[PDB]
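Below sits a lone chain in structure tokens, taken as the form deposited in one PDB entry.
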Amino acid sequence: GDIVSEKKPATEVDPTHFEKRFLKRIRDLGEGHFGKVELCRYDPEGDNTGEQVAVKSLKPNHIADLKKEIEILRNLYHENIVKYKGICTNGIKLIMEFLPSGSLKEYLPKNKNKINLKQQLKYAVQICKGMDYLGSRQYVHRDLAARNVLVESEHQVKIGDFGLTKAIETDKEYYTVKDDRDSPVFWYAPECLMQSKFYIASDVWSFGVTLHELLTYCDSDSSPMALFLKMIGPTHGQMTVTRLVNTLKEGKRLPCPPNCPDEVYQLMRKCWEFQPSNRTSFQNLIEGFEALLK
């Protein structure tokens, strides 16, 4: 008889599935390690009215890591963590909310006049609360820097990238890394530099360095890399990291930012105890900053 064919059921649309043909590139927002992020407009109606979204994808093996990153972000829900919106699919792109004020790296140099100490301390608390949540879900970020912190508004920041984020297995304190060549060594605790081990207290250390960036308004001439390279020497090459370890073993640390009150600076230094067990916790930090804000 007639041609037999499949009568397929009603196809309930998934709002987290973004079709490639409607995801339209506007510009580059930046890149880190093996990923890049782009401003796109998802524009199904084709009239430039679609929602603007941030799209993460691989630069031209690392597919597996992006997929793991997507699964991490999908299940994080917090006001100081950037929102997952969906995927565009072997290959895959991560679709997130777009924050037009950019990272702290761009925002802070341009907004010194409107962002006073009080607002910096509120940003710091918010960063701590997002990181404390990440810790409560048993992850270590391994890349906490001002460049990875996005500005929602004058009053709100969010941790906006999770590309090195790893799970600490239950009943263990740390994760051991193997791939370490693109490491942000100037944001890294001694146990990360020496033994390649990552604890929650190692994110506290990196937070300390992120707080320092915040307090200098991400001035490049005052960056943790620039400051450490002045301390230890700028032309050591492959010996750079060993001299960094030796400097930190000696008790030397990044100096107090200009106009940063000592009381804020002591909270920063408690992030930089050499032994992880002696470092402050994210909740202790929050209490600390809240006291200074009262």
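Don't overthink the numbering: it's just position in the shown sequence, from 1. Rigid core here is just the name for the largest C-alpha set that superposes within 1.5 Å across the two forms.
A second form of this protein, the form deposited in another entry, is not displayed here; the remarks below concern that form.
In a core superposition between this form and the one not shown, the Cα of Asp180 is the only one among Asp180, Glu79, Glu97, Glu154 shifting by 2 Å or more. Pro261 shows a C-alpha shift below 2 Å between this form and the one not shown [criterion: core-superposed Cα displacement of 2 Å]. Fitting the two forms on the rigid core leaves the C-alpha of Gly251 displaced by under 2 angstroms between this form and the one not shown. Comparing the forms between this form and the one not shown on their rigid core, the Cα displacement of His236 reaches 2 Å or more.
The pair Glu71 and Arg181 is tighter in the other form: their Cα-Cα distance falls by no less than 3 Å compared with this form. Note: the CA-CA distance for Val204 and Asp180 expands in the other form relative to this form, by 3 angstroms or more.
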